[PDB]
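This report concerns only the one structure given below.
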Amino acid sequence: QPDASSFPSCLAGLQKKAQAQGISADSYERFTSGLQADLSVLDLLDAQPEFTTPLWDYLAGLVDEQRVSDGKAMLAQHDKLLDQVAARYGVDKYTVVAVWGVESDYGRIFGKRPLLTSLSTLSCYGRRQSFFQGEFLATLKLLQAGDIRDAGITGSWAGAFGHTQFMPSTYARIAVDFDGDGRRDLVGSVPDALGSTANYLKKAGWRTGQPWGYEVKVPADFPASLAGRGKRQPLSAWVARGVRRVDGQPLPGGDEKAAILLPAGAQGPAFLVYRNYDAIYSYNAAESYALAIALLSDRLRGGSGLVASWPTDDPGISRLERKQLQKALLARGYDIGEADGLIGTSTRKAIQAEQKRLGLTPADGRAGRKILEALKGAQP
Ligand SMILES: [Ca+2]
């Protein structure tokens, strides 16, 4: 089993590796002095989840009306900067602000855990030590360079942090100094953050002026077997198969490769995705985040949102509504923690108990509209 007694020898070993890669002993002592193993970070790894979260729950929180209103506020406030970012990297401002909204809520996301604690612990314990050692050493190089200046910086357990939720190795490779002050500051500089977001997408293959894709309508008998991010066909093949834009307009046709996504079955919402969707997808390597960015970018361009409905009687609910649901559960005597809007195991267990009590099916523990409307009390 992991034991805290091994941590000092592990940290001392990493000092020699750090020195070999140009991190000074002074830097290493300054940034790692009083680091302690936090073995609780391993509780979040190779943890089998008890609950399944469908795509429409991710989208209800990532693309909620507050995310859309906040994004339109940022497009207004940062208009001139965003034009300069688009001019310098060839990525449109709606895409850049959509990524900023989904990844960090425009730089407002609470980092639960100190970066250097998570990464040093994961460098010394568990089954991914070599990977996390690279991330740990990349963080120390960024601190030595003064790109990062807060050794107590917080982020995800896996080391994603700042406006962009880059991991340290991504930060090293992709971060830009947009404002030209000699610092690549993705924590405190909105210019550096938006420029780095754009640079990430450019490096991932973004084609200037091309769409991510769009929502489409497929015919009743469209074969679900043809769908998937990996299964591209020329647009002419999709036209031949009766695929159309959701407003009935034809596709462009010709020879450009595109995939159809049917994340919720042959008559659920359908998406035609181009190479720029693949660039977006690379940021989180998860359809939930990739379609959140694409659909938020559609809302920020003044789109009304998804035309098709998800196959549920229980639509997802906003971040504000998740807080209302958590307050409702606390009011009914479920000790689920703070009403922070994060739907974790404690909340989902209380939802499932209420679903079974109320005869709601499925008793899936989802934070959906059905349980919200059932449990809301006074002044939600
Ligand atoms: Ca800068």
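So you can find residues: chains in the structure tokens are A, B, ... in the order shown, residues in each start at 1, and ligands are numbered from 1 in order.
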Item to check | Contacts of residue A:228 within 9 Å, only C-alpha atoms, excl. fewer than 6 positions in-chain, as a list in words | outcome: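 Counting only the stated atoms, we get residues 259, 260, 261, 262 and 263 of chain A.
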Given only C-alpha atoms and all ligand atoms, how would the per-residue table for chain A near ligand 1 read, listing every residue at most 8 Å away with its closest atom pair and distance in Å to one decimal, sorted by chain and number, as a Markdown table?
```
| residue | atom | partner | partner_atom_place_in_ligand_line | distance |
| --- | --- | --- | --- | --- |
| A:176 | CA | ligand 1 | 1 (Ca) | 7.3 |
| A:177 | CA | ligand 1 | 1 (Ca) | 4.1 |
| A:178 | CA | ligand 1 | 1 (Ca) | 5.5 |
| A:179 | CA | ligand 1 | 1 (Ca) | 4.8 |
| A:180 | CA | ligand 1 | 1 (Ca) | 5.4 |
| A:181 | CA | ligand 1 | 1 (Ca) | 4.9 |
| A:182 | CA | ligand 1 | 1 (Ca) | 5.8 |
| A:183 | CA | ligand 1 | 1 (Ca) | 4.2 |
| A:184 | CA | ligand 1 | 1 (Ca) | 4.7 |
| A:185 | CA | ligand 1 | 1 (Ca) | 5.5 |
| A:189 | CA | ligand 1 | 1 (Ca) | 6.3 |
| A:191 | CA | ligand 1 | 1 (Ca) | 7.1 |
| A:192 | CA | ligand 1 | 1 (Ca) | 5.3 |
```
Those residues you just picked out, can you put them in a file as a short mmCIF file (atom, residue, chain, number, x, y, z; two decimals), in the first residue's frame with N, CA, C and O atoms?
```cif
data_model
loop_
_atom_site.label_atom_id
_atom_site.label_comp_id
_atom_site.auth_asym_id
_atom_site.auth_seq_id
_atom_site.Cartn_x
_atom_site.Cartn_y
_atom_site.Cartn_z
N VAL A 176 1.18 31.16 -24.80
CA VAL A 176 1.75 32.35 -25.48
C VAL A 176 1.73 33.57 -24.56
O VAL A 176 0.87 33.69 -23.65
N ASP A 177 2.68 34.47 -24.83
CA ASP A 177 2.74 35.80 -24.20
C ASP A 177 2.04 36.78 -25.14
O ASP A 177 2.72 37.36 -25.99
N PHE A 178 0.73 36.91 -25.05
CA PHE A 178 -0.04 37.66 -26.07
C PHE A 178 0.28 39.15 -25.94
O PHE A 178 0.36 39.87 -26.96
N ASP A 179 0.37 39.62 -24.69
CA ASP A 179 0.45 41.07 -24.38
C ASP A 179 1.91 41.54 -24.44
O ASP A 179 2.11 42.75 -24.40
N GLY A 180 2.88 40.63 -24.52
CA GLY A 180 4.28 40.97 -24.84
C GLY A 180 5.06 41.48 -23.63
O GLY A 180 6.11 42.16 -23.84
N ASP A 181 4.64 41.14 -22.40
CA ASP A 181 5.33 41.60 -21.16
C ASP A 181 6.43 40.61 -20.75
O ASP A 181 6.98 40.79 -19.64
N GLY A 182 6.70 39.59 -21.57
CA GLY A 182 7.77 38.60 -21.35
C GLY A 182 7.30 37.45 -20.49
O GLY A 182 8.11 36.56 -20.15
N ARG A 183 6.02 37.45 -20.13
CA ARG A 183 5.46 36.44 -19.22
C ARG A 183 4.31 35.70 -19.90
O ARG A 183 3.48 36.38 -20.51
N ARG A 184 4.27 34.37 -19.81
CA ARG A 184 3.13 33.54 -20.29
C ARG A 184 2.29 33.21 -19.06
O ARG A 184 2.60 32.22 -18.39
N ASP A 185 1.31 34.05 -18.77
CA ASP A 185 0.56 34.06 -17.49
C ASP A 185 -0.89 33.65 -17.76
O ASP A 185 -1.70 34.54 -18.01
N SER A 189 -3.55 36.76 -16.78
CA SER A 189 -3.58 37.57 -18.03
C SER A 189 -4.68 37.03 -18.93
O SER A 189 -4.49 35.95 -19.52
N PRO A 191 -5.39 38.34 -21.91
CA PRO A 191 -4.77 38.24 -23.22
C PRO A 191 -3.98 36.94 -23.39
O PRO A 191 -4.17 36.27 -24.39
N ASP A 192 -3.10 36.61 -22.45
CA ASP A 192 -2.29 35.37 -22.59
C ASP A 192 -3.23 34.16 -22.63
O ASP A 192 -2.99 33.23 -23.43
#
```
Item to check | Contacts of residue A:6 within 12 Å, only C-alpha atoms, excl. fewer than 5 positions in-chain, as a PyMOL selection string | outcome: chain A and resi 1+11-13+36-37+39+121+123-125
Item to check | Proximity to residue A:367 - best of A:90, A:2, A:344, A:152, only C-alpha atoms | outcome: A:344
Checklist entry - From the list A:209, A:146, A:162, A:219, which residue is nearest residue A:108 when using only C-alpha atoms? => result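 Ranked by minimum distance to residue A:108, first place goes to A:162.
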Item to check | helix (DSSP H, G or I) call set, DSSP backbone run, stretch 260-358 of chain A, as number ranges by chain | outcome: A: 275-284, 287-300, 319-331, 345-358
Checklist entry - Which polymer residues have any atom within 7 Å of an atom of residue A:163, counting only C-alpha atoms, with same-chain residues fewer than 6 positions away left out, as a PyMOL selection string? => result chain A and resi 100+104+106-107+186-187+193
Generate the output file for the selected residues, C-alpha atoms, as a compact mmCIF listing (two decimals), in the first residue's frame.
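To be explicit, this is the file written out as selection-v7.txt:
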```txt
# COMPACT_ATOMS: atom_id res chain seq x y z
CA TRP A 100 -12.93 29.75 -21.94
CA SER A 104 -12.95 27.54 -16.38
CA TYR A 106 -14.30 32.51 -17.83
CA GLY A 107 -11.55 32.11 -15.19
CA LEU A 186 -2.55 31.85 -18.04
CA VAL A 187 -3.70 32.60 -14.42
CA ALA A 193 -5.21 33.00 -21.71
```
Taking only residues of stretch 47-144 of chain A that have an atom at most 12 Å from an atom of stretch 278-289 of chain A, what is each one's shortest atom pair and its distance in Å to one decimal, using only C-alpha atoms, in chain and number order, as a tab-separated table?
```
residue	atom	partner	partner_atom	distance
A:53	CA	A:288	CA	10.1
A:54	CA	A:288	CA	8.7
A:55	CA	A:288	CA	5.6
A:56	CA	A:288	CA	8.3
A:57	CA	A:288	CA	9.0
A:58	CA	A:288	CA	6.0
A:59	CA	A:288	CA	6.8
A:60	CA	A:288	CA	10.5
A:61	CA	A:288	CA	10.6
A:62	CA	A:289	CA	8.0
A:63	CA	A:289	CA	10.0
A:91	CA	A:279	CA	11.2
A:95	CA	A:280	CA	8.9
A:96	CA	A:280	CA	10.3
A:98	CA	A:280	CA	10.4
A:99	CA	A:280	CA	8.4
A:100	CA	A:283	CA	11.5
A:101	CA	A:289	CA	10.9
A:102	CA	A:289	CA	7.3
A:103	CA	A:289	CA	8.3
A:104	CA	A:289	CA	11.8
```
Checklist entry - Can you list, as a PyMOL selection string, every residue of stretch 85-256 of chain A that DSSP puts in strand (DSSP E)? => result chain A and resi 113-114+154-155+213-217+233-234+244-245
